[PDB]
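A structural walkthrough
One-letter residues, chain by chain:
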Amino acid sequence: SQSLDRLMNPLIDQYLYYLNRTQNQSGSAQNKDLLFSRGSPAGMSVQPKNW
Amino acid sequence: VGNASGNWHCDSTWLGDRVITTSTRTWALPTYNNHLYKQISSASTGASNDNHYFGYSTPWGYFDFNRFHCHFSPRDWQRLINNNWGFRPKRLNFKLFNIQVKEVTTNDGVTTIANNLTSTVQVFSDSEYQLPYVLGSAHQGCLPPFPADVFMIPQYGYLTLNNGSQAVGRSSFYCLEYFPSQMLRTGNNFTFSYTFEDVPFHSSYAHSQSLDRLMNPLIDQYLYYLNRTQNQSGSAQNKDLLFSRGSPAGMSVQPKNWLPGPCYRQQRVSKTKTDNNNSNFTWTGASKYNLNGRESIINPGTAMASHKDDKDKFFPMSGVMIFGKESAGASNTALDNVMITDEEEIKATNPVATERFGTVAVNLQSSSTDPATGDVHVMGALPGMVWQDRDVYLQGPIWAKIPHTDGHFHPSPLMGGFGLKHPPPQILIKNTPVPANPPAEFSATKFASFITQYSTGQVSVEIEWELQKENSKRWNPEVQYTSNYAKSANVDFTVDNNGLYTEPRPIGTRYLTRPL
Amino acid sequence: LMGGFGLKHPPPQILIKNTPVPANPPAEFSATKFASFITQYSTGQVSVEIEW
Amino acid sequence: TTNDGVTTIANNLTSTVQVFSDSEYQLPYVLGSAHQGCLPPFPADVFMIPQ
């Protein structure tokens, strides 16, 4: 009744982070930089799984 | 009513080959979804066929302590590390007491809170694993690592078979109200005991030898191998076949007996942006798997080393555990607001996540320009493999329910920890709805006038951990986790002037050594 | 030096604390540190018997 | 609770106060220093508990 990639709770974020954006937008078209974000129902395909 | 329902049991006890940790925290639980179940999905949103979902939202909350720091203290975590080759869960004792149901009302700015003595809060344990298990996913809302802290109970929500923001017929909708639950008033309580299944000890040790370096550096081998196929002699090239036997001189060519662990190569990323390639390869570059159309990125996948040699500045794009930093944001946030784990004590058995596994032939040499040695970026299996698993961390996960299927492979939770067929069951809690004043004549319409109220109370969790003392005749001292004896304005793992507990950095468990 | 008796094991410290009672929480989860508590105090008697 | 000058005090029957004795001397002993906040020499007097 559940897909391996869809087990997490669709109401709670994760206390884990991951590399969100490596381009860094700001109006300079491109400016490298490193940014991270924590999992969320918003983006499930990028959350850390277990299997 | 006027009598305590339980005491504050929180402490640790060290007993030779066993340690018992007991934690107690104050919790708070608000009414969720206004006593309603709701259908949720990715319908009419940012879309993306790789982020679609279909599930439901329950008015229930749940207790979770799947984080190590919920039980062990920094000091305790240290004692465990510096002195034990391994450890495992054993028994579990859950207590729920001092139920305080508060009733709240507001009017014209005035907000007064009162006690609803004659109110109940429902609790039950899914000890049959009939409900969707959502503790395997490293979510927030667990017991605060700091005892004095107060936390809220996370809301329960599950997902089912979804077809792009649209469910199927074989999808499942569960009602938690269809479960027998124990109702508790202010003078009641709830206890529960659990027994962890038999699982292997966690590797709290680091190998003293590399898989490729086991042989005796003083003795040759009675085995030979093709040494040179060119044959030097002054004719530039003259074919011929020559063999030689292994020797300390050439260890990389000696016949071994085993092979490094599996490998699923990922892209490399430097901490120094100035060293990084341009563009946003976060997605289009990362490694992911394809599951029924919608493909998902791969977090810590195959247990592979983070960085090699000195290059401690590199790390897999999505092959390492990254924890927050108290004040860190949700979307933005730079390096100085995150903590990246360094899987290093694994370079002796497991390959490097960024580099290749090895090289393989691709053709023959029959008058054909040989060879064909091609790089390997994905392996797995092969009789003779030997590898270590991902290390656990103080703020890291603990256990994870092993999916019930026809088969699996080394069911070690990729995020680290223990894989349990029957893990600590989900403990669900819910405030009983108290309808406000009804009409004066019947109305078969669905009631919707409820008295807003919440509840608070304490909760105790006792866990017995079996240790595994170390037995090494290693002469030289060992590597130990220690605090910087140097002068400092802030003491690690404490509180600031504003009163806020912060965890300086993540801590592994592999410091002691053992011969491979 | 201030006078009295020197005890290796003197009368232990007796610590007391009011249990925090969180005020009405939100309607949706927030992993942020809770800070909305109901202000309250406590009073009572205390007896001490000593045989000299 | 207080509001617009109005200050009313009520009973929280369902409330608890925690107590314990450091009988193992694990915590810093601060009774050696002649501090104030002890039991009032006069029985009828009322005192506050030192922090």
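Brief notes about the overall build of chain A
A tally of regular secondary structure across chain A gives 0 helices and 2 strands. For a compact globule of 51 residues, the expected C-alpha radius of gyration is about 10 Å, and chain A comes in at 14 Å, more than 25% above that figure. Each principal axis of the C-alpha distribution contributes one length, and for chain A these read about 45 × 15 × 15 Å. Counting every position in chain A, which comprises 51 residues, the buried fraction comes to 63%.

A closer look at the arrangement of the chains
When the 5 pairs of chains in contact are compared, the highest contact count belongs to chains A and B. In this structure chain A stays clear of chain D, and the shortest span between their C-alpha atoms is 31 Å.

Topic: the interface of chain B and chain A
Listed per partner, the contact involves 74 residues of chain B and 41 residues of chain A. Buried area between chain B and chain A, summed over both chains or domains, comes out near 5000 Å², and the portion from carbon and sulfur atoms is 56%. Contact with chain A buries surface across chain B, with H139, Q140 and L159 of chain B losing the most and accounting together for 12% of the total. If you look at where chain B meets chain A, you find 1 salt bridge. Between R294 of chain B and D5 of chain A there is a salt bridge, with the nearest N and O atoms lying 3.6 Å from each other. In this assembly, chain B and chain A are joined by 25 residue pairs in polar contact. For the side of chain B that touches chain A, the elements supplying multiple residues, two or more each, are β4 (54–63), β9 (155–159), β16 (268–270), α2 (281–284), β18 (295–297), β20 (322–323) and β25 (399–401) of chain B. Among the residues forming the side of chain B that touches chain A, the class breakdown is 36 nonpolar, 30 polar and 8 charged.

A closer look at the UniProt feature "binding site: cytosine" (unreviewed entry) in chain B
Residue and element names in this part refer to chain B. What UniProt calls "binding site: cytosine" (unreviewed entry) maps, in this numbering, to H408 and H410. Its location among the elements puts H408 in the loop between β25 and β26 (418–420). Of the residues examined, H408 reaches a relative accessible area of 52% and is grouped as exposed. Among residues more than four places away in sequence, those in contact with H408 are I402 and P403. Tracing the backbone shows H410 in the loop between β25 and β26. Take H410: its relative accessible area is 41%, and that puts it in the partly exposed class. Only 2.7 Å separates the side chain of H410 from the side chain of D389, close enough to count as a polar contact.

Let's talk about the nonpolar core
Residue and element names in this part refer to chain B. In this structure, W27, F63, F65, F94 and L96 are the most contacted members of the largest nonpolar core, which totals 68 residues. Among residues more than four places away in sequence, those in contact with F94 are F63, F65, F190, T191, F192, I427, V459, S460 and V461. By size, the runner-up hydrophobic cluster in this structure holds 15 residues, among which are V269, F281, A328 and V338.

Overview of the environment of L34 of chain A
The residue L34 of chain A is located in the loop between β1 (17–21) and β2 (35–38) in this model. On the basis of relative accessible area, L34 of chain A is assigned to the buried category, the value being 2%. On a C-alpha basis, the gap between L34 of chain A and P48 of chain A in space is 19 Å, while along the polypeptide they are 14 residues apart. Apart from the residues lying within four places of it in its own chain, the contact partners of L34 of chain A are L19, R21 and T22 of chain A together with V269, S270, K271, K273, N276, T333, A334 and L335 of chain B.

Some details on the state of the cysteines
All names here are of chain B. Applying the stated criterion across every chain yields a total of 0 disulfides over all chains. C10 carries a free sulfur, and the closest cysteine sulfur to it, the one in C70, is 11 Å from it. The thiol of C70 is unpaired, and the distance to the nearest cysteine sulfur, on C142, comes to 5.1 Å. According to the relative accessible area criterion, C70 is buried, its value standing at 0%.

Topic: the interface of chain D and chain B
Each side of the interface is counted separately: chain D has 6 residues, and chain B has 8 residues. For the pair chain D and chain B, the two sides together bury roughly 690 Å², of which 44% comes from carbon and sulfur. Among the residues chain D hides against chain B, the three largest losses belong to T14, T16 and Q18 of chain D. Together they make up 63% of the total. Where chain D meets chain B, there are 0 salt bridges. The interface formed by chain D and chain B holds 3 residue pairs in polar contact in total.

Things to note about the side chain of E464 of chain B
Residues and elements named next belong to chain B. Tracing the chain through its elements places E464 in strand β28 (residues 453–469). A residue is classified by how much of its surface remains accessible, and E464, at 16% relative accessible area, is buried. Reaching out from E464, the side chain makes a polar contact with the side chain of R18 at a distance of 3.3 Å.

Comments concerning the pattern of salt bridges
In a structure, side chains of opposite charge can pair up when their charged atoms sit close to one another. Enumeration over the complete set of coordinates arrives at 22 salt bridges over all chains. Close ionic contact of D149 of chain B with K33 of chain C constitutes a salt bridge, the shortest N to O distance being 3.7 Å. Of this pair, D149 of chain B sits in the loop between β7 (121–126) and β8 (150–152) while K33 of chain C sits in the segment after β1 (13–18), on two different chains. Under the relative-accessibility criterion, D149 of chain B is labelled buried at 13%. For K33 of chain C, a relative accessible area of 43% puts it in the partly exposed group.

What counts as what
- Residues numbered from 1 in each chain as written, not as in the entry; some residues may be left out.
- Chains lettered and ligands numbered in written order.
- Part of a larger assembly, values for the part shown.
- Heavy atoms only, no water.
- Helix = DSSP H or I, 4+ residues; strand = E, 2+ residues; numbered from the N terminus.
- Rg over C-alpha atoms; globule rule 2.2 N^0.38 Å.
- Buried < 20%, exposed > 50% of the residue type's maximum accessible area, 1.4 Å probe, protein only.
- Contact = heavy atoms within 4.5 Å.
- Buried area = accessible area lost by both parts, 1.4 Å probe.
- Salt bridge = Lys/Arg side-chain N within 4 Å of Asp/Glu carboxyl O.
- Polar contact = N/O pair within 3.5 Å; in protein donor to acceptor, adjacent residues only side chain to side chain.
- Nonpolar A, V, L, I, M, F, W, Y, C, P; charged D, E, K, R; others polar.
- UniProt positions renumbered as here; feature names shortened; annotations may be inferred.
- Core = buried A, V, L, I, M, F, W, Y, C linked by side-chain atoms within 4.5 Å.
- Disulfide = S-S within 2.5 Å.

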